[PDB]
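Chemist: First, the structure itself, so that you have it in front of you.
Where a number appears in this text, it was derived from the coordinates with a stated rule and is not lab data. All Cβ positions, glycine included, derive from the backbone under ideal geometry; neighbour counts span all protein chains shown.
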């Protein structure tokens, strides 16, 4: 509850993993991890967190 | 006889006797029995030559031909035989008998209109709206317009009432936009001191 | 007007001979348009000679020519010196002939 | 009727003009990456759009019906002529609304494997 | 917290236009009519969008034998007041006040018995915080009056019963992927209270089946489910009744349900009402009488009552033939050939009507596979025989 | 050049049916050019040229 996660987009921003994506799109595991870390850093630098 | 198909064998035998009736012939032609009964009633009421009477209406071939002509005309107009009965009463260009009063005309118009489909009804309604607009505009100019405005024709009435009456029914606009157009036209007329 | 309902208005309008594009008989126009949609030229009427014989032929042909019954009353009557002074009252009312 | 003198009188407006040019840059960068359809680049397109998405923030909710009561034109004329904001409300900037519409639709295509013209 | 529209939209993961068409009607999630003199209702009052539930408690205070009176909010300090008289007094005018004090509306002339009159009055915070009276007054030309009044307590009340109904509505709309307007148009044909339950939930499956199988509109499918035609206009759209019998208006005559009696005899040459029926159904007089005979076997004569139920039965009979691309004649011969034609559609169970629909569909599919006309089937299944020597 | 808004004012200098307003008062004259305002009807004969 300390994270006020209220909907699926909020969960995507929190867990850093896209859950609403369709099953058609396929990506390698390492590239997906890179995307999660980049999104987290971008959120931090703009002081959104 | 060929149109009656397989039933012809019984229909002709019943015709050669004085036996044929509305129901048997209706079953033979795959028509509604009430339709033939009402066509026969309407034929009896109106003066044909030769005359049609209940005791010959299906005994003689001429009476059958007259009844079938009534049925064919009804199905062409896609109306019941009472519609044709109302139509043939509209002998308005003669002196033998009284002219049809407006209620009769309105009744015939309604019965005839009931048979049209949506597309044809849409076209008919557009034509009627245009004609009504012309008649009402002329009557308003003659009889309701205030003489202080020298309204002499339909264009003058358009400039006065600020509403386009000669427009065809095809064009459709929202009410507020139409009100905006009327106010803009009035202001434009005022600024140029045409008024 | 004193008129109160739509059909009474169209009855009044059907005989308003003094105006320049009336008389306008609306039921007749509806009947004529429906016929000219459903059977152009009365091909089926004339193909059925028994029904044709019930009508006066001038009363079928008049539906083609768009002559309404009051417009027929206007076009029919006989103009002469000795009634022009009042048939002008019937057909134009108050507009000065000058 | 000059936008720049009025923005000069109230330089809070210049802040919005800069903000809006930042969103224009982020969207154009995302579209440019999205033009290449290979797998790696579409993930760059996504992170560009998500970057502009949190900058815009929460789309405002706007209650569909309100105090406005369908008045007579005769009444609105007098209510307004007491000497329009006396009776009509200010609308949200239609351009800012459009940024949320185009960003949400673009991410919708990235999530559903369409292209930018929406063709499968 | 869940009362805020933003929180609720995030919670159900709804779209903005999807939420707008739920909460823009939200008053329907209340009680629809007074019960025990109470009305419990959601109200928008939405300077911030939030929903607040009010209990209104009526209390008859003066001359309750004169009238019934009812109050239904729709906005902040904005109300509809409805009232219906029991006794007649020839008012010179009707005057209505907050208590007997601030006159909120006045109506000239005499209010009639058994008419529900209405007024879009206002009642303000300093008013509705009181157990205020509303004093109505038929003032006669003498200055005598049938004054009558009731108090109306306004209370803020718990949102539980509102949120549970909204929950039912959202989950049902999302599961059947049907617009909320359609579902609202279905629920009113079971109950005058908006109450999703086994009965209403039984025919949403039927309407989803018919709309798929026959590709017809929602209202037509509801008619097939033995539901009366809806007079109410949803969605800023003309009502089913209005689109069926009023547009376009025929000779400036407006058609509505009445206590007058309409004749369906083909040879009677009926009034404009018969023309309205013929135009709406796109059928001639003879087939109209045949449809009347198919639908009801207890109508000895062609005259029928002009109430809405008979019109609904006639529309059901017409749609049975329309969906299968047959006209009334083949419909009659088909119903006779099946053997279920003896049963009347006017007095029939819902399950029996569904069974009849399935039988008609199956026999039509079989005839199409066999390249057979309906008349041939009637001949093979006929029992009456012509008594004519050949 | 289809710059109608600017063409209207430029042509309105010489003549304007709406009229001319100066210092907050409407002016009597209709044409802004003096020899057009003063010459109110054609000569008894034109120039042959």
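Chemist: Looking at (1) buried (at least 18 other Cβ atoms within 10 Å of the Cβ); (2) within 24 Å of the chain's Cα centre (by Cα), which is the one condition that is false for residue E:9?
Modeler: Residue E:9 satisfies every listed condition except (2).
Chemist: Another question about this same structure. Kindly provide the set of residues from the range F:17-38 that are more than 14 Å from chain B (Cβ to nearest Cβ), outside any strand (DSSP E or B) and surrounded by 10 or more Cβ atoms within 10 Å (Cβ to Cβ), ordered by number. Break it down stepwise before answering.
Modeler: So the first thing to find is which residues in the range F:17-38 are more than 14 Å from chain B (Cβ to nearest Cβ), and the list is F:22-25, F:31-38.
Now restrict to residues that are outside any strand (DSSP E or B): F:23-24, F:32-38.
Passing the criteria: F:32, F:33, F:36, F:37.
Chemist: Assuming residue D:84 fulfils every condition listed in (1) more than 12 Å from chain A (Cβ to nearest Cβ); (2) surrounded by fewer than 15 Cβ atoms within 10 Å (Cβ to Cβ); (3) under 19 Å from the mean Cα position of the chain (by Cα) apart from one, which condition is it?
Modeler: (3)
Chemist: Step by step: first the residues of the range A:12-36, then only those that are within 14 Å of residue D:50 (Cβ to Cβ) and more than 9 Å from every other protein chain (Cβ to nearest Cβ), then the one that is surrounded by the fewest Cβ atoms within 10 Å (Cβ to Cβ). Which residue is that? Show your work before the answer.
Modeler: Going through the range A:12-36, the residues within 14 Å of residue D:50 (Cβ to Cβ) turn out to be A:12-21, A:35-36.
Within this subset, residues satisfying the condition of being more than 9 Å from every other protein chain (Cβ to nearest Cβ) are A:14-17, A:19, A:36.
Details: A:14: 14, A:15: 11, A:16: 16, A:17: 13, A:19: 9, A:36: 14.
Looking at residues that are within 14 Å of residue D:50 (Cβ to Cβ) and more than 9 Å from every other protein chain (Cβ to nearest Cβ), I get A:19.
Chemist: Within the range E:311-390, which helices (runs of 4 or more DSSP H) (wholly inside it) include 2 or more residues that are within 13 Å of chain B (Cβ to nearest Cβ)? Write out each step before concluding.
Modeler: Values: elements: E:328-338, E:350-370, E:374-381.
The qualifying helices (runs of 4 or more DSSP H) are E:328-338, E:374-381.
Chemist: What is the residue count in the range E:55-71 for residues that are assigned to a strand (DSSP E or B) and buried (at least 19 other Cβ atoms within 10 Å of the Cβ)? Let's see the steps before the verdict.
Modeler: First, the residues of the range E:55-71 that are assigned to a strand (DSSP E or B): E:55-62, E:67-71.
Going one step further and asking which of them are buried (at least 19 other Cβ atoms within 10 Å of the Cβ), we end up with E:56, E:58, E:67, E:69-71.
Counting residues in the range E:55-71 that are assigned to a strand (DSSP E or B) and buried (at least 19 other Cβ atoms within 10 Å of the Cβ) gives 6.
Chemist: Could I ask something else about it? Just name the residue that is farthest from residue B:68 (Cα to Cα) out of those in the range B:40-56 that are away from chain C (no Cβ under 11 Å) and touching a helix residue (DSSP H, G or I) at 6+ places or on another chain (Cβ under 6 Å).
Modeler: B:56
Chemist: While we're looking at this one, here's another question. Go through (1) more than 9 Å from every other protein chain (Cβ to nearest Cβ); (2) surrounded by fewer than 21 Cβ atoms within 10 Å (Cβ to Cβ) for residue E:253 and report which single condition fails.
Modeler: (1)
Chemist: Looking at the structure I just gave you, is residue B:162 surrounded by 15 or more Cβ atoms within 10 Å (Cβ to Cβ) and more than 8 Å from chain C (Cβ to nearest Cβ)?
Modeler: Details: surrounded by 15 or more Cβ atoms within 10 Å (Cβ to Cβ): yes; more than 8 Å from chain C (Cβ to nearest Cβ): yes.
When the stated conditions are applied, residue B:162 passes them.
Chemist: Hey, among the residues in the range E:264-295 that are more than 20 Å from residue B:36 (Cα to Cα) and part of a loop (DSSP other than H, G, I, E, B), which one's nearest to the other protein chains (Cβ to nearest Cβ)?
Modeler: Of all residues in the range E:264-295, those more than 20 Å from residue B:36 (Cα to Cα) come to E:271-277, E:279-282, E:295.
Next cut, part of a loop (DSSP other than H, G, I, E, B) only: E:271, E:282.
Details: E:271: 9, E:282: 7 Å.
Among those residues, the one meeting the criterion is E:282.
Chemist: Go through E:258, E:317 for me and flag whichever is within 21 Å of the chain's Cα centre (by Cα), surrounded by 19 or more Cβ atoms within 10 Å (Cβ to Cβ) and over 23 Å from residue B:39 (Cα atoms). Step through it out loud before you land on a result.
Modeler: Numbers: E:258 fails: surrounded by 19 or more Cβ atoms within 10 Å (Cβ to Cβ).
Result: E:317 is the single residue among E:258, E:317 that is within 21 Å of the chain's Cα centre (by Cα), surrounded by 19 or more Cβ atoms within 10 Å (Cβ to Cβ) and over 23 Å from residue B:39 (Cα atoms).
Chemist: A further question follows. Which condition number in (1) within 14 Å of chain E (Cβ to nearest Cβ); (2) more than 23 Å from the chain's Cα centre (by Cα) is the one that residue D:63 fails?
Modeler: (2)
Chemist: Another question about this same structure. Among the numbered criteria (1) loosely packed, with under 15 Cβ neighbours inside 10 Å; (2) out of contact with any helix residue (DSSP H, G or I) (no Cβ under 7 Å at 6 or more places or on another chain); (3) assigned to a helix (DSSP H, G or I), which one does residue D:41 miss?
Modeler: (2)
Chemist: Can I ask one more? Just the residues that are under 16 Å from residue C:32 (Cα atoms), at the interface with chain C (Cβ under 7 Å from one of its Cβ atoms) and surrounded by fewer than 22 Cβ atoms within 10 Å (Cβ to Cβ), please, taken from the range B:93-105.
Modeler: Once the filter is applied, which keeps residues that are under 16 Å from residue C:32 (Cα atoms), at the interface with chain C (Cβ under 7 Å from one of its Cβ atoms) and surrounded by fewer than 22 Cβ atoms within 10 Å (Cβ to Cβ), the range B:93-105 yields B:93, B:102.
Chemist: State which residue is farthest from the other protein chains (Cβ to nearest Cβ) when the search covers only the range E:232-250 and only residues that are closer than 19 Å to residue B:110 by Cα and in a loop (DSSP other than H, G, I, E, B).
Modeler: Of all residues in the range E:232-250, those closer than 19 Å to residue B:110 by Cα come to E:242-250.
If we keep only those that are in a loop (DSSP other than H, G, I, E, B) too, we end up with E:246-249.
Working: E:246: 14, E:247: 10, E:248: 6, E:249: 9 Å.
Ranking the qualifying residues of the range E:232-250, first place goes to E:246.
Chemist: Check off (1) under 26 Å from residue E:384 (Cα atoms); (2) surrounded by 17 or more Cβ atoms within 10 Å (Cβ to Cβ) for residue B:70 and give me the number that stays unchecked.
Modeler: The one condition residue B:70 does not meet is (1).
Chemist: I need the helices (runs of 4 or more DSSP H) fully contained in the range B:1-82, keeping only those with at least 1 residues that are farther than 30 Å from residue C:37 by Cα. Steps first, answer last, please.
Modeler: Numbers: elements: B:8-16, B:22-29, B:33-45, B:61-77.
Correct list: B:8-16, B:22-29, B:61-77.
Chemist: For the range D:68-79, name all the residues that are within 14 Å of chain E (Cβ to nearest Cβ) and either farther than 25 Å from residue E:15 by Cβ or within 22 Å of the chain's Cα centre (by Cα) (or both).
Modeler: Let us first name the residues in the range D:68-79 that are within 14 Å of chain E (Cβ to nearest Cβ), namely D:68-72.
Answer for the range D:68-79, where residues must be within 14 Å of chain E (Cβ to nearest Cβ) and either farther than 25 Å from residue E:15 by Cβ or within 22 Å of the chain's Cα centre (by Cα) (or both): D:69, D:70, D:71, D:72.
Chemist: State whether the residues of the range E:32-40 include one that is more than 14 Å from chain A (Cβ to nearest Cβ), surrounded by 17 or more Cβ atoms within 10 Å (Cβ to Cβ) and farther than 30 Å from residue E:139 by Cβ. I'd like the intermediate steps shown before the answer.
Modeler: Pass one, the range E:32-40, residues more than 14 Å from chain A (Cβ to nearest Cβ): E:32-40.
Cutting the leftovers down to surrounded by 17 or more Cβ atoms within 10 Å (Cβ to Cβ) gives us E:32, E:34, E:39-40.
Filter once more, keeping what is farther than 30 Å from residue E:139 by Cβ: E:32, E:40.
The answer is yes, given that some residue of the range E:32-40 is more than 14 Å from chain A (Cβ to nearest Cβ), surrounded by 17 or more Cβ atoms within 10 Å (Cβ to Cβ) and farther than 30 Å from residue E:139 by Cβ.
Chemist: If you don't mind, there's one more thing I want to ask. Against the conditions (1) closer than 24 Å to residue E:16 by Cβ; (2) assigned to a loop (DSSP other than H, G, I, E, B); (3) in contact with a helix residue (DSSP H, G or I) (Cβ under 9 Å, 6 or more places away or on another chain); (4) more than 14 Å from chain E (Cβ to nearest Cβ), where does residue D:90 fall short? Just the number, please.
Modeler: (3)
Residues are listed down the side, and each one gets a yes or a no for (1) within 35 Å of the chain's Cα centre (by Cα); (2) surrounded by 13 or more Cβ atoms within 10 Å (Cβ to Cβ):
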| position | (1), (2) |
| --- | --- |
| B:121 | yes, yes |
| B:151 | no, yes |
| B:155 | yes, no |
| B:167 | yes, no |
| B:181 | no, yes |
| B:184 | no, no |
